[PDB]
Each structure stands twice: as C-alpha cells, then as structure tokens.
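Worksheet for the structure shown next.
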Amino acid sequence: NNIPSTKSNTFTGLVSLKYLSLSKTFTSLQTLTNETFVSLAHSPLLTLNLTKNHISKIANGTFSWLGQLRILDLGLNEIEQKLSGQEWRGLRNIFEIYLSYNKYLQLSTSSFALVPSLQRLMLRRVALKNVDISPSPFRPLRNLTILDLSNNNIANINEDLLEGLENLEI
RNA sequence: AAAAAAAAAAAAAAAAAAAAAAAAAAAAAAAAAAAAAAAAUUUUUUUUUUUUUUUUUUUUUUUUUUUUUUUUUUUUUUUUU
Ligand SMILES: *[C@@H]1O[C@H](CO)[C@@H](O[C@@H]2O[C@H](CO)[C@@H](O[C@@H]3O[C@H](CO)[C@@H](O)[C@H](O)[C@@H]3O)[C@H](O)[C@H]2NC(C)=O)[C@H](O)[C@H]1NC(C)=O
Ligand SMILES: *[C@@H]1O[C@H](CO)[C@@H](O[C@@H]2O[C@H](CO)[C@@H](O[C@@H]3O[C@H](CO)[C@@H](O)[C@H](O)[C@@H]3O)[C@H](O)[C@H]2NC(C)=O)[C@H](O)[C@H]1NC(C)=O
Ligand SMILES: *[C@@H]1O[C@H](CO)[C@@H](O[C@@H]2O[C@H](CO)[C@@H](O[C@@H]3O[C@H](CO)[C@@H](O)[C@H](O)[C@@H]3O)[C@H](O)[C@H]2NC(C)=O)[C@H](O)[C@H]1NC(C)=O
Ligand SMILES: *[C@@H]1O[C@H](CO)[C@@H](O[C@@H]2O[C@H](CO)[C@@H](O)[C@H](O)[C@H]2NC(C)=O)[C@H](O)[C@H]1NC(C)=O
C-alpha cells in the first residue's frame, strides 16, 4: 500500500486485532516515534509486519503499548541508529524479532536488557559492529533458540560472547 | 747663684730603615658543588600520512545450469460445421 504515515487514532477501535501486516505500506515513514502505534494500545497484537516500509529511525518506547505483541518484523529496512535497549520498551511477552536486512546496527551491553524472553534472533547482513565489549549484550537473554549473525563481517569476538546461553539450539 | 769644653750613662715625644710574623681587601692556578639554556650514542612509546601480504561485507560485469510467464514460427494423427 501507499499510506504516507499513520495518525493518532487510525487503528483506534480494534479491540480484538492480533494479526496486522504493514509490509511495503508506508513510504513517508522515515522516523518511528512513540506516537505512531498509540492506536494499538487496546489491540492484543500477536504478529506485526513492517518490511519495505523505508524505516530508518525508531524512538525510545515506540512499542510501549505493544505489551501483548509477540512477533514483529523489521526486515528489509534502512534502519541507521544506535540500539540502547529502550527501543524495545513495553514488550512484556515478546517471542522473536525479525531484524535482518539492514545497513548499520550498533550494539551495546544494554541494547537487549529490557527484553529477556526472546526465542529467535537473526541479524542477517545488517553490518553489525562493536560486539566484543564486556559484558556481552546477550547476558540478560537466556531463552534464545535460533541465533543468526551471518553476512555481517564481524570484526572481533571474545570469550564473553555466547557464554551461558543454555537454551540455544541453532 | 750663673755660664760654658773633652768623657760615661738614663728617660718623654716626632720622623725613619731592616727582620719575624698576624689579620682585611684584591688578582690569578688547581680540587670540587647546585643549577637555568646546549649538543650526541643506544633501546623503546604515542600520533599523522602513506607501502606490502592475507581473510571477509556491499555493489557492478562475464560465462554455464535450472525454473515461470508472454511474442510466437512450425507441425504429425485426428475432430469439426
Ligand atoms: C511479511 O510479509 C512478507 C511478504 O508476504 C513475508 O515474506 C515471506 O517471508 C518468508 C520467511 O522469511 C519467506 O519464506 C522463505 O522464502 C525464502 C526465499 O525468499 C526461502 O528460501 C525460504 O526457505 C522460505 O521459504 C517467503 O518467501 C516470503 N514471501 C514473500 C512474498 O516475500 C514475511 O514473512 C512477512 N512477515 C511477517 C512477520 O508476517
Ligand atoms: C516519546 O519520545 C519522546 C522523545 O524522546 C519523549 O519525550 C521526552 O520525554 C522525557 C520524559 O518525560 C523528557 O525528559 C524529562 O521530561 C520531564 C517532563 O516533566 C522534564 O521535567 C525533565 O526535565 C526532562 O526533560 C524529555 O525532555 C522529552 N523530550 C522530548 C524531545 O520530548 C516522550 O516522553 C516519549 N513518550 C513515551 C510515552 O515514551
Ligand atoms: C533512549 O534510552 C537510552 C538508554 O538506553 C538513552 O541513552 C542514554 O542517554 C543519556 C543521556 O545522554 C546517557 O547519560 C549520559 O551519557 C554520557 C555518554 O553519552 C555519559 O558520559 C554520562 O555520564 C551520562 O551517563 C546514558 O548513558 C545513555 N544510556 C545508554 C545505555 O546509552 C537515550 O538518550 C534515549 N533516547 C531518547 C530519545 O530518549
Ligand atoms: C524461558 O523459557 C521457559 C520455558 O518456556 C519459561 O518457563 C515457563 O514459563 C511459563 C510462564 O512463566 C510457565 O507457565 C511455564 O510453566 C514455565 N516452564 C518451565 C519448564 O519452567 C521461562 O518463563 C522463560 N523465561 C522468561 C524470562 O520468559
């Protein structure tokens, strides 16, 4: 679709919505603030698609009202910012994150502290840098099953990465 | 009472010379010191600009294999009004 951007009460009224897809829908959406998905406060979403939406910036607490959201997609996007953990604020029971196909995703030791209940995490060709810092960004995470960091050309790695991750399988 | 000549001693003061020294100031010569400015041999460290080798990410180009839709060039055996 070709909607430029959403409004304050665009999705207001959906009290039972759980499957929402917005792939290749937004063209004027360059920066994601915490006033875009305010309409989905009462919507118990479970899946979310946001591929090909030309998303380049997300603000702190953007998905704060997405407490019941479990699956969200952010692949095939132009995200260029610093991950500090507050981008996933408000995610009570999150399942997995589609965060592949990007151009720059800087990671820090607190980039994933807020959400410790992840199951799958793929970072395919997102050009990740500066990961070998101690402690590892994945210290709070324990329930991951699939971890993909392929096609990223990691500069360095140390022992602190991927230690104690008992639940990993892939 | 006073005045003078040969001849021998002693006391105050002034101007001198020589010798034995001792202090203050001034000149060098040696043995050291503390430094603010200096140069010169050796081994290392930071930063800027660039050289060589190896491993990989993005994009572009060539060749080969395979798959899906359209323009279709044809057809053999039949059907057909
Ligand atoms: C959002 O919508 C898009 C478009 O429908 C969904 O894309 C689909 O994603 C799946 C899984 O990533 C793709 O399946 C995989 O395809 C690859 C080839 O690209 C294949 O090698 C794998 O084995 C697997 O079959 C699927 O092809 C793809 N479809 C399209 C049309 O792109 C996406 O999954 C949606 N996201 C969410 C969270 O709903
Ligand atoms: C959505 O994102 C915006 C942008 O970051 C957030 O605005 C920021 O909110 C914080 C917290 O209120 C502000 O910091 C503090 O605000 C209080 C307000 O009383 C003030 O007294 C403090 O001195 C301090 O400034 C911050 O200034 C503000 N920045 C901007 C540019 O608006 C907003 O809070 C976020 N909303 C949600 C629901 O996450
Ligand atoms: C979104 O949340 C992150 C936190 O996850 C915010 O980053 C935080 O920003 C503050 C303010 O700059 C930082 O405090 C100061 O940081 C400097 C270094 O930049 C440090 O020298 C100071 O002593 C002080 O701690 C804080 O460290 C930083 N935290 C992280 C984890 O990066 C970010 O500002 C928020 N953005 C918005 C728009 O609300
Ligand atoms: C990590 O995964 C485990 C296993 O799925 C979670 O343990 C389950 O948690 C749910 C909800 O709290 C309970 O209903 C189940 O009975 C638990 N199962 C077991 C075997 O313990 C655990 O909660 C997850 N951790 C986090 C932080 O989400």
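Identifiers in this document derive from the order of the structure tokens: chains are assigned A, B, ..., residues are numbered from 1 separately in each chain, and ligands are numbered from 1 in order of occurrence.
Taking only C-alpha atoms (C1' of nucleotides) and all ligand atoms into account, the protein and nucleic acid residues that come at most 9 Å from ligand 2 are residues 33, 34, 35, 38, 59, 60, 61, 62, 63, 64, 65 and 89 of chain A.
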C-alpha atoms of the current selection, written as a short mmCIF file (atom, residue, chain, number, x, y, z; two decimals), in the first residue's frame:
data_model
loop_
_atom_site.label_atom_id
_atom_site.label_comp_id
_atom_site.auth_asym_id
_atom_site.auth_seq_id
_atom_site.Cartn_x
_atom_site.Cartn_y
_atom_site.Cartn_z
CA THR A 33 8.25 7.83 17.23
CA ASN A 34 6.17 6.65 20.19
CA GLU A 35 3.09 8.38 18.75
CA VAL A 38 -0.62 4.59 20.10
CA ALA A 59 12.48 6.22 19.16
CA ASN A 60 12.54 5.06 22.76
CA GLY A 61 9.36 3.32 23.85
CA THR A 62 7.92 3.19 20.33
CA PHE A 63 6.29 -0.20 21.03
CA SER A 64 5.45 0.55 24.67
CA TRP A 65 1.72 -0.03 24.11
CA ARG A 89 10.38 -0.76 25.88
#
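Interface residues of chain B facing chain A, defined by any atom at most 10 Å away and using only C-alpha atoms (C1' of nucleotides), are residues 56, 57 and 58 of chain B.
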**OP:** Give the residues close to ligand 1, within 8 Å, counting only C-alpha atoms (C1' of nucleotides) and all ligand atoms; write them as a ChimeraX atom specification.
**Re:** /A:21-23,47-51,71-73,98
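Neighbouring residues of residue 15 (chain A) at 9 Å or closer, counting only C-alpha atoms (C1' of nucleotides) and skipping chain neighbours under 5 positions away, are residues 40, 41, 42, 43 and 44 of chain A.
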Next, the residues of the selection above should be written as a PDB file, in the first residue's frame with N, CA and C atoms.
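New file part-v7.pdb:
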ATOM      1  N   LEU A  40      -2.920   1.237  18.731  1.00  0.00           N
ATOM      2  CA  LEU A  40      -2.966  -0.186  19.039  1.00  0.00           C
ATOM      3  C   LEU A  40      -2.766  -0.474  20.523  1.00  0.00           C
ATOM      4  N   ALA A  41      -3.078   0.489  21.394  1.00  0.00           N
ATOM      5  CA  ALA A  41      -2.924   0.271  22.829  1.00  0.00           C
ATOM      6  C   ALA A  41      -3.846  -0.837  23.324  1.00  0.00           C
ATOM      7  N   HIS A  42      -5.092  -0.848  22.857  1.00  0.00           N
ATOM      8  CA  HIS A  42      -6.081  -1.831  23.276  1.00  0.00           C
ATOM      9  C   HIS A  42      -6.157  -3.028  22.336  1.00  0.00           C
ATOM     10  N   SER A  43      -5.285  -3.091  21.329  1.00  0.00           N
ATOM     11  CA  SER A  43      -5.296  -4.192  20.377  1.00  0.00           C
ATOM     12  C   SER A  43      -4.306  -5.255  20.817  1.00  0.00           C
ATOM     13  N   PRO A  44      -4.755  -6.463  21.162  1.00  0.00           N
ATOM     14  CA  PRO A  44      -3.824  -7.540  21.563  1.00  0.00           C
ATOM     15  C   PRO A  44      -3.126  -8.167  20.362  1.00  0.00           C
TER      16      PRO A  44
END
Quick one: contact table of chain A to ligand 4, 10 Å max, nearest atom pair and distance in Å to one decimal per residue, counting only C-alpha atoms and all ligand atoms, chain and number order, as a Markdown table?
| residue | atom | partner | partner_atom_place_in_ligand_line | distance |
| --- | --- | --- | --- | --- |
| A:92 | CA | ligand 4 | 28 (O) | 9.2 |
| A:93 | CA | ligand 4 | 28 (O) | 7.3 |
| A:94 | CA | ligand 4 | 28 (O) | 8.5 |
| A:95 | CA | ligand 4 | 28 (O) | 9.0 |
| A:115 | CA | ligand 4 | 27 (C) | 8.3 |
| A:116 | CA | ligand 4 | 27 (C) | 5.4 |
| A:117 | CA | ligand 4 | 28 (O) | 4.1 |
| A:118 | CA | ligand 4 | 28 (O) | 7.5 |
| A:119 | CA | ligand 4 | 2 (O) | 8.5 |
| A:140 | CA | ligand 4 | 27 (C) | 9.0 |
| A:141 | CA | ligand 4 | 27 (C) | 8.0 |
| A:142 | CA | ligand 4 | 1 (C) | 6.9 |
| A:143 | CA | ligand 4 | 1 (C) | 4.9 |
| A:144 | CA | ligand 4 | 1 (C) | 8.5 |
| A:167 | CA | ligand 4 | 2 (O) | 8.4 |
**OP:** Based on DSSP run over this structure's backbone, return all residues of region 11-142 of chain A in helix (DSSP H, G or I), as a ChimeraX atom specification.
**Re:** /A:37-41,86-88
Original post:
Near residue 78 (chain A), counting only C-alpha atoms (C1' of nucleotides), which residues have an atom at most 9 Å away, once you skip same-chain residues fewer than 6 positions from it, shown as a PyMOL selection string?
Top reply: chain A and resi 30+52-57+101-104
Output file for the residues above (N, CA and C atoms, as a PDB file, in the first residue's frame):
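After the write, again_4.pdb holds the following:
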ATOM      1  N   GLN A  30       9.857   7.831   7.791  1.00  0.00           N
ATOM      2  CA  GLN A  30      11.306   7.763   7.940  1.00  0.00           C
ATOM      3  C   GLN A  30      11.729   7.507   9.381  1.00  0.00           C
ATOM      4  N   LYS A  52       9.931  -3.389   4.013  1.00  0.00           N
ATOM      5  CA  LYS A  52       9.862  -2.499   2.852  1.00  0.00           C
ATOM      6  C   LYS A  52       9.094  -1.215   3.157  1.00  0.00           C
ATOM      7  N   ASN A  53       9.146  -0.754   4.405  1.00  0.00           N
ATOM      8  CA  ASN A  53       8.467   0.466   4.812  1.00  0.00           C
ATOM      9  C   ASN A  53       9.409   1.659   4.913  1.00  0.00           C
ATOM     10  N   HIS A  54      10.667   1.498   4.492  1.00  0.00           N
ATOM     11  CA  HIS A  54      11.656   2.579   4.498  1.00  0.00           C
ATOM     12  C   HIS A  54      11.832   3.171   5.895  1.00  0.00           C
ATOM     13  N   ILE A  55      11.813   2.311   6.908  1.00  0.00           N
ATOM     14  CA  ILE A  55      12.004   2.749   8.287  1.00  0.00           C
ATOM     15  C   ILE A  55      13.495   2.920   8.541  1.00  0.00           C
ATOM     16  N   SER A  56      13.887   4.109   9.002  1.00  0.00           N
ATOM     17  CA  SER A  56      15.284   4.415   9.262  1.00  0.00           C
ATOM     18  C   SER A  56      15.574   4.828  10.697  1.00  0.00           C
ATOM     19  N   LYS A  57      14.559   5.176  11.484  1.00  0.00           N
ATOM     20  CA  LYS A  57      14.769   5.621  12.853  1.00  0.00           C
ATOM     21  C   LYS A  57      13.601   5.167  13.713  1.00  0.00           C
ATOM     22  N   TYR A 101      18.495  -7.693   7.201  1.00  0.00           N
ATOM     23  CA  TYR A 101      18.498  -6.856   6.000  1.00  0.00           C
ATOM     24  C   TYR A 101      18.496  -5.367   6.356  1.00  0.00           C
ATOM     25  N   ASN A 102      19.583  -4.937   6.992  1.00  0.00           N
ATOM     26  CA  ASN A 102      19.799  -3.540   7.339  1.00  0.00           C
ATOM     27  C   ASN A 102      21.187  -3.123   6.866  1.00  0.00           C
ATOM     28  N   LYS A 103      21.557  -1.873   7.156  1.00  0.00           N
ATOM     29  CA  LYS A 103      22.854  -1.350   6.755  1.00  0.00           C
ATOM     30  C   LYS A 103      23.757  -0.957   7.915  1.00  0.00           C
ATOM     31  N   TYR A 104      23.212  -0.734   9.109  1.00  0.00           N
ATOM     32  CA  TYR A 104      24.031  -0.368  10.263  1.00  0.00           C
ATOM     33  C   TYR A 104      23.212  -0.597  11.521  1.00  0.00           C
TER      34      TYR A 104
END
Original post:
By how many Å are CA of residue 85 (chain A) and CA of residue 67 (chain A) apart?
Top reply: 15.5 Å
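Non-sequential neighbours of residue 4 (chain A) (distance at most 8 Å, separation of 6 or more positions within a chain, only C-alpha atoms (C1' of nucleotides)) are residues 25, 26, 27, 28 and 29 of chain A.
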Original post:
Counting only C-alpha atoms (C1' of nucleotides) and all ligand atoms, which protein, DNA or RNA residues come within 10 Å of ligand 3, given as a PyMOL selection string?
Top reply: chain A and resi 33+58-61+82-89+108-114
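What separates CA of residue 135 (chain A) from CA of residue 105 (chain A) is a distance of 18.0 Å.
Considering only C-alpha atoms, the residue among A:134, A:6, A:158, A:39 positioned nearest to residue 66 (chain A) is A:39.
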Original post:
Out of chain A, which residues get strand (DSSP E) from DSSP, as JSON, numbers by chain?
Top reply: {"A": [19, 20, 21, 31, 32, 47, 48, 49, 57, 58, 71, 72, 73, 80, 81, 82, 96, 97, 98, 104, 105, 106, 120, 121, 122, 128, 129, 146, 147, 148]}
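Coordinates place CA of residue 31 (chain A) at a distance of 10.1 Å from CA of residue 80 (chain A).
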